[PDB]
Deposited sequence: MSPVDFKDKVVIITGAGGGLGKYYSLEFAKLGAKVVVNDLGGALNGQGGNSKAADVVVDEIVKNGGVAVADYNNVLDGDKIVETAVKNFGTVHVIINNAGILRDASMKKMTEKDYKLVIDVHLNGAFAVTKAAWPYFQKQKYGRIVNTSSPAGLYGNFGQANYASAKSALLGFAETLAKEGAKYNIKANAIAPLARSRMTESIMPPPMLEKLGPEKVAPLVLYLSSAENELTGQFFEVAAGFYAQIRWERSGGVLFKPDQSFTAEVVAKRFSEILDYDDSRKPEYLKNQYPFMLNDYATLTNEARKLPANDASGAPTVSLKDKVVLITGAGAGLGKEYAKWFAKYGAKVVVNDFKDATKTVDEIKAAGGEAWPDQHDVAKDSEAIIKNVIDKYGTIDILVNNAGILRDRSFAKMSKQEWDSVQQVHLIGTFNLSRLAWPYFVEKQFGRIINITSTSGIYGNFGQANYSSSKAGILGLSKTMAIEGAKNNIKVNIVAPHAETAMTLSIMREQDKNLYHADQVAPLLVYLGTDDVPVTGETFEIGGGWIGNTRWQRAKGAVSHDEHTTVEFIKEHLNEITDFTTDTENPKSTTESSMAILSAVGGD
């Protein structure tokens, strides 16, 4: 018998047209009870369904009102089993033009609407011990994309959100996945021939969406590229990495000496604890630091000079803890450091100056006052060269009990604040054709982590944001890199901030040879993090079914051969052309 959906209640946000409308029709054809949500338009879809023998009701709500949407499903059908997070909206602009409101609007619909709807769906999933969630990402979420700083931030966030829901959801038989469907754009239309472009639509996406939405599906926490008959799983590949002895000899200059080793994925000759991994959580730091501590002293002989002399560094959340130490490293390498902190920047400043360094306080809130922070920097030192967006809070909670306040405040500090500050630094960087942005992500954002749906989603927002800003920055010599440290403070220490800071100051130099890159780091260890995309399956039929996904799953999830490591939407699209081309 075929893949079954009978009597499954299915909420699809933004279902008045495009992908969302198609899914509504396909689901209902297979006997599902669809809640068609669209902010008239929903009615049009609900009429086709009923006319053609199906069950559907309309919901007119804003996706922020996720409680009311699910309330619609419950009234009409007694529960919900599937959420398809589809609702969207575009406000494209380069980093030069994009406003704060353009940014928050796109985060709201894509990310905060998903939180609202899913949060509301969650009790019902828990009680019946069943749920199926599909988060709509996009290639711009995976890779960054020019002019879409927001949209990439939201679509990338939804990766980490999906991983977190998959981890929290497992015991309740709730599985969560993300898709990244390639769209017709100017880029695609210049890479792909007319026959593939006309298959680049909902009919070729929906089969995987249905499959991932079914009881038969066992896959969870996973991402997939989908386009014109192609379907392939795409996962994280983290390099074997390098170990440094975690002592005074672990300097910024040794990193620079051995930098290329970090991004080197040939792990043939390395031992087992430093082979490439395909991870689902942070690295085995206990093994790593244990091995790093057996090493002889880091040799800095032949190392590149590292100096941040007369560079102005702005670092946020640096009044205490890890950030405080990071700053002291930036200052000891010669930078004039504006130390931002919401509570107190004084103690970091005093300590910096007691060591013969130059620093200056700022105590504005990042999200709220990015303008006042940039003015503060310029008033004092006349310019800005390096931005390290480190500000943070933690509001940990199971997803079932996470409140909206806990969701937003985390989001405001980590994601919004990083953008708003970055946006106001930006014109200075481009004017002088120099900028070095160092954004702090997290293994909780990259791999997801139960109890941290907010922290993880936001820090995963950072990947998309950073990557975009790296694309746009390249021509004006503005490099932006991403870092997921493992380090603790006091509240011996094998994971000091001293084991992370060296990388951070190197990322600030003139001669840092990469941009858009992701690093995980701690305990004497440094690694890089990238994509590996599977062989994939190709449907050649002009109608593709959910059955095709079922029968060719082996090929979709096959990392044994013909894999790819795309790092831009252009790279992915060329590779998809090649697999479909045969």
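The deposited sequence has C-alpha coordinates everywhere except the stretches 1, 41 to 51, 504 to 512, 604.
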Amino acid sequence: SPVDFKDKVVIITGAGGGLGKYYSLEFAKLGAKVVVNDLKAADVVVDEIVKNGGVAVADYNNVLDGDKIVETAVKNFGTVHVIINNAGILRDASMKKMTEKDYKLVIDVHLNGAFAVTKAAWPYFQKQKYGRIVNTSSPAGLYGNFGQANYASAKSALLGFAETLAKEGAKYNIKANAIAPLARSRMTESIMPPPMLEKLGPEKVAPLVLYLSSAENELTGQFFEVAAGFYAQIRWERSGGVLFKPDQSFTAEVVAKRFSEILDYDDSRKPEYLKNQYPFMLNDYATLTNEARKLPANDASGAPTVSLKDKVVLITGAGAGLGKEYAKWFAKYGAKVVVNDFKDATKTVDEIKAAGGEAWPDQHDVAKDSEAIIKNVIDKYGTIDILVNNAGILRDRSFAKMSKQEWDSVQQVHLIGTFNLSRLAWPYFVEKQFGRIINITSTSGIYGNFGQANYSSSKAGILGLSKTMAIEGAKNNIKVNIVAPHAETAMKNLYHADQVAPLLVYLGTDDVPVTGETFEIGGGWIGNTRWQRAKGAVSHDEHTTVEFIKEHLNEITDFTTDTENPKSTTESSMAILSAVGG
From here on, numbers count along this sequence of modelled residues.
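For the two regions 180 to 188 and 429 to 437, the entry's Cα B-factors average higher over 180 to 188. For the pair 286 to 294 and 241 to 249, the mean B factor over Cα atoms is greater in 241 to 249. Ranking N454, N145, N390, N376 by Cα temperature factor from the entry places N390 first. When the C-alpha B factors of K380, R269, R132, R235 are read from the deposited coordinates, the top value falls at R269. Per-chain ranking of the deposited C-alpha B factor places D385 in the lowest third. Annotation for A300: CA B-factor lies in the highest third of the chain's modelled residues. For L553, the recorded CA B-factor ranks within the middle third of the chain. Only modelled residues enter the ranking. In the PDB entry, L19 places in the highest third of its chain by CA B-factor. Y265: CA B factor in the highest third of modelled residues in this chain (values from the PDB entry).
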